[PDB]
Amino acid sequence: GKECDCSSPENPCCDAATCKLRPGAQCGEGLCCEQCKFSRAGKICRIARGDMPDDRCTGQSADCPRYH
């Protein structure tokens, strides 16, 4: 399992020394992370349009996955 919470050294919400969060924030960066914290569940991170449905964050995830 990797150990990177974000992907930026100048990010204060992430300790480049470990690549994880530096503060007590639940996340430092992610389409589902607001204010360095996990957004609530049902966060439309990906609104896939067409013959596919949309995508909502589980409220505990930081970034946003896809349908498959």
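(A) The overall build of the protein chain, seen in detail. Scanning the protein chain from N- to C-terminus turns up zero helices and four strands. Traced from its N-terminal end to its C-terminal end, the protein chain shows the element sequence β-β-β-β. In terms of overall dimensions, the protein chain has a C-alpha envelope of 45 × 20 × 20 Å along the principal axes. Burial analysis of the protein chain (68 residues in total) assigns 28% to the buried set. Long-range pairs, those at least 24 residues apart, make up 15% of the contacts in the protein chain between residues at least 6 apart in sequence. In the form shown here, the protein chain has an accessible surface area of approximately 5,200 Å², with 48% of it arising from carbon and sulfur atoms. With 10 positive and 10 negative side-chain charges, the protein chain shows a spacing of 3 Å between the two charge centroids.

(B) The state of the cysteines, seen in detail. All told, the structure shown has six disulfides when counted by the stated rule. The partner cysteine of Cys13 in its disulfide is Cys36, sulfur to sulfur 2.0 Å. Looking down the S-S bond of the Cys13 and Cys36 bridge, the torsion is 120 degrees, so its handedness is right-handed. Within this pair, whereas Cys13 is found in the segment before strand 1 (33-34), its partner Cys36 is found in the loop between strand 1 and strand 2 (37-38), the two being separated by 23 residues in sequence.

What counts and what doesn't
Residues numbered from 1 in each chain as written, not as in the entry; some residues may be left out. Heavy atoms only, no water. Helix = DSSP H or I, 4+ residues; strand = E, 2+ residues; numbered from the N terminus. Buried < 20%, exposed > 50% of the residue type's maximum accessible area, 1.4 Å probe, protein only. Contact = heavy atoms within 4.5 Å. Areas by Shrake-Rupley, 256 points an atom, 1.4 Å probe, with all protein chains shown as cover. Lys, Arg positive; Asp, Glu negative; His and termini not counted. Charge placed at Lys NZ, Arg CZ, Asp CG, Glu CD. Disulfide = S-S within 2.5 Å.

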